[PDB]
Amino acid sequence: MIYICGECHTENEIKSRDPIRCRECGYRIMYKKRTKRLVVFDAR
Amino acid sequence: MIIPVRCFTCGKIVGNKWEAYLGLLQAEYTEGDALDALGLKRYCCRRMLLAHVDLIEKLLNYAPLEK
Amino acid sequence: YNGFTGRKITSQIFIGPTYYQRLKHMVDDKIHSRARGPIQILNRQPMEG
Amino acid sequence: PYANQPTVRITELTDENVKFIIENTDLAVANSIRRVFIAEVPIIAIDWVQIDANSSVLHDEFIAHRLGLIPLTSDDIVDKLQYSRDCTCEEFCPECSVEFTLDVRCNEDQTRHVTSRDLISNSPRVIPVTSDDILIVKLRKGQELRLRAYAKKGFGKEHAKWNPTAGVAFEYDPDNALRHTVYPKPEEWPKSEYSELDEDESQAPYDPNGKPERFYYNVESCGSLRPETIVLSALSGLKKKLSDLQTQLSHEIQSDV
Amino acid sequence: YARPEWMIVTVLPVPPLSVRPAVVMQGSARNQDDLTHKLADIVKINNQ
RNA sequence: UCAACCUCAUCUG
Ligand SMILES: CO[C@@H]1[C@H](O)[C@H](n2cnc3c(=O)nc(N)[nH]c32)O[C@H]1COP(=O)(O)OP(=O)(O)OP(=O)(O)O
Ligand SMILES: [Zn+2]
Ligand SMILES: [Zn+2]
Ligand SMILES: [Zn+2]
């Protein structure tokens with residue numbers, strides 16, 4: 001999938017079985033990024 | 001965290017009055033006089049503005065996850 | 001004034017703004033029920049928790 | 001054996017408030033009219049939210065809650081709009097709902113106050129009572145809020161978001177003459193605004209044959225419905241409830257026969 | 001039912017595996033009960 | 001058609 005970097009906030013695409021290191025910053029904490037499917041919230 | 005829309009007890013909209021409350025406090029108005037100027041009459045509505053702690057400003061200091 | 005009938009409550013009632021706290025204990029975390037569920041290996045009796 | 005003929009005298013009428021007096025009426029009727037003010041007057045408010053992107057500090061359901069609480073002008077078309085359950089079409093359509101959109105991004109350095117003004121409605125008659133503004137969220141630079149919302153007809157019995165009124169002040173017997181409230185020390189008690197007593201007299205003399213009448217109302221509008229039309233719609237809705245009850249009662253009596 | 005000689009231990013009863021279950025983790029490993037380890041110690045000393 | 005045991009600490013009436 002596409003993981004957003006923890007520090008430089010740049011999306012990087014990491015394949016499976018690949019080390020979790022952002023290109024151009026090297027930070028080792030990525031975030032999965034919001035899903036395309038949309039969830040309905042009742043305003044209640 | 002942010003000023004609630006509508007007073008809990010009655011439901012009068014108090015969400016539009018926080019920025020005006022802060023501005024009137026900056027002017028010189030006492031908290032009670034500012035609350036009176038904003039039109040808050042019942043102590044239920046005055047509790048909303050008087051006791052509100054605006055943490056959204058502290059949370060906005062942290063950088064966003066996605067830029 | 002009584003909400004259901006509108007009649008004034010005879011005894012005047014103490015009302016005021018008091019600070020209340022919501023404790024972490026909530027019923028949704030505590031409700032539990034069991035019916036022929038999982039069973040321990042050693043005792044072969046219903047599990048714990 | 002028949003209903004009394006009530007009388008209304010409107011003392012104050014302002015865009016935010018209606019102060020009126022109903023005389024020659026029962027306490028039950030008056031209380032239930034107030035009750036219908038609060039809970040059974042239809043209004044328009046957001047009940048469906050779909051957030052495409054929310055990078056704000058507040059989570060998605062927090063934003064949805066605040067959006068639901070925002071009042072929406074419902075003066076005329078709330079009577080025209082149908083309930084979603086009644087509407088034949090699946091989900092929501094122009095007849096059963098009103099669509100709003102929010103697309104705000106804080107490109108500038110200064111904090112962007114997302115307000116109710118940023119909500120844009122597909123139908124001009126419903127607007128978020130903007131004509132300050134209700135603050136939905138504050139956006140730091142690089143934070144964005146995008147959402148689509150649908151607002152439906154409903155009354156406050158479902159959810160307090162559909163309350164058309166802020167505070168309904170109801171008072172009867174301003175000077176205690178029916179002794180419905182028995183003061184332990186009458187003198188310590190402040191006089192009512194509607195009180196006709198002299199300052200020396202704390203309470204009116206007990207009236208043994210009296211009945212609660214001459215009820216005083218102060219109905220404050222939330223801005224969605226005009227304060228006059230809140231009262232009119234409440235009376236009409238109570239009358240409609242009674243007529244539906246009578247129709248079902250007649251059908252069941254015929255069935256029993 | 002009970003002779004005094006029978007009190008002295010000449011034959012040690014080894015409880016069934018039901019008494020001493022093997023605690024399985026993820027299929028990767030099988031820990032053994034404390035009784036199994038103690039019986040292993042007893043068997044080692046007896047063989048020695 | 002379906003997941004470990006110990007241990008300790010923290011809370012609950
Ligand atoms: C009234 O007696 C009860 C019971 O005996 C049972 N109980 C509670 N703790 C224990 C415990 O440690 N061990 C055992 N065996 N039983 C226990 O709890 C007792 C009271 O305790 P409390 O005095 O705090 O009750 P408040 O007076 O405080 O009630 P508030 O106003 O908060 O509702
Ligand atoms: Zn990075
Ligand atoms: Zn209030
Ligand atoms: Zn429809």
Side-chain angles (χ1 to χ4, degrees), chain A residues 1-4 6 13-21 28-42 44, chain B residues 1-2 4 8-9 44 47-48 51-56 58-59 61-62 65, chain C residues 3 9 11 13-49, chain D residues 57-65 159-160, chain E residues 7 9 11-48:
Chain A
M1 311 297 298
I2 309 178
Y3 305 104
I4 316 173
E13 306 180 4
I14 294 181
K15 67 170 187 58
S16 298
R17 207 177 309 270
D18 182 76
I20 304 158
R21 286 182 55 87
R28 298 176 181 266
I29 304 184
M30 299 295 112
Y31 295 96
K32 175 73 178 61
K33 180 183 178 185
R34 194 180 175 95
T35 179
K36 296 178 181 180
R37 75 213 295 184
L38 290 184
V39 177
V40 165
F41 302 98
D42 260 19
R44 307 179 172 188
Chain B
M1 296 168 60
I2 194 161
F8 303 143
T9 293
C44 67
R47 160 206 49 170
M48 289 286 102
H52 174 64
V53 174
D54 209 30
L55 276 156
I56 188 81
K58 314 306 163 188
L59 306 174
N61 286 326
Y62 300 93
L65 202 62
Chain C
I9 292 180
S11 301
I13 290 177
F14 189 61
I15 304 194
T18 316
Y19 194 79
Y20 255 73
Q21 316 161 315
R22 184 180 183 184
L23 313 188
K24 67 164 176 299
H25 319 285
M26 294 166 297
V27 56
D28 273 352
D29 302 329
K30 295 154 176 298
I31 178 166
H32 187 53
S33 45
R34 164 71 182 243
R36 299 210 311 277
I39 258 179
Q40 310 166 218
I41 309 180
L42 181 55
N43 309 337
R44 274 182 175 79
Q45 290 183 347
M47 301 186 74
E48 179 184 7
Chain D
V57 184
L58 314 174
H59 46 287
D60 322 323
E61 34 263 32
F62 192 104
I63 296 288
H65 172 243
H159 192 263
Chain E
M7 296 188 307
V9 181
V11 169
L12 185 69
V14 173
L17 294 173
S18 307
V19 177
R20 41 189 191 89
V23 176
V24 177
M25 271 187 293
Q26 296 178 354
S28 72
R30 296 185 71 105
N31 300 9
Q32 298 168 356
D33 213 357
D34 296 3
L35 290 186
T36 309
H37 297 301
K38 204 56 179 180
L39 290 164
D41 297 353
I42 296 175
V43 172
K44 293 172 186 178
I45 307 303
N46 201 23
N47 298 342
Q48 292 178 10

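Atom set for the values below is all heavy atoms of this structure, side chains included, hydrogens, waters and symmetry mates excluded. Each chain gets a letter, A, B and so on, in the order its sequence line appears, and its residues count up from 1.
With rounding to whole Å, E:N31 atom CG is found 14 Å from F:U7 atom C1'. For E:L35 and F:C5, the CG to P distance is 17 Å, given to the nearest whole Å. Atom-to-atom, CZ of C:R36 to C1' of F:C2 comes out at 16 Å; the value is rounded to the nearest Å. Atom pair C:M47:CE and F:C6:P shows a separation of 10 Å (rounding to whole Å applied). As a whole-Å value, the separation of E:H37 NE2 from F:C6 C1' is 12 Å. The distance between atom CG of C:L42 and atom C1' of F:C5, rounded to the nearest whole Å, is 10 Å. As a whole-Å value, the separation of C:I39 CD1 from F:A3 P is 14 Å. What separates CG of C:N43 from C1' of F:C6 is a distance of 14 Å, to the nearest Å.
The line from CD1 of D:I63 to CG of D:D60 is 8.0 Å long, rounded to the nearest 0.5 Å. Interatomic distance, A:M1 CE to A:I14 CD1, rounded to the nearest 0.5 Å: 12.5 Å.
Contact annotation: the side chain of A:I2 approaches that of A:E13 to within less than 4.5 Å [non-hydrogen atoms, C-beta and beyond].
For D:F62, the ring pair (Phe, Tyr, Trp, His ring centres under 6.0 Å) partners at least two apart in sequence or on another chain are D:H59. The salt bridge (charged side-chain N to carboxylate O under 4.0 Å, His left out) check on E:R20 picks up nothing, with sequence neighbours excluded.
More than 12 heavy-atom neighbours from other residues, nucleotides or ligands sit within 6.0 angstrom of CE on C:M26.
Only C:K24, C:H25, listed by number, bring a heavy atom of residues 18-34 of chain C to less than 4.0 angstrom from any atom of RNA chain F.
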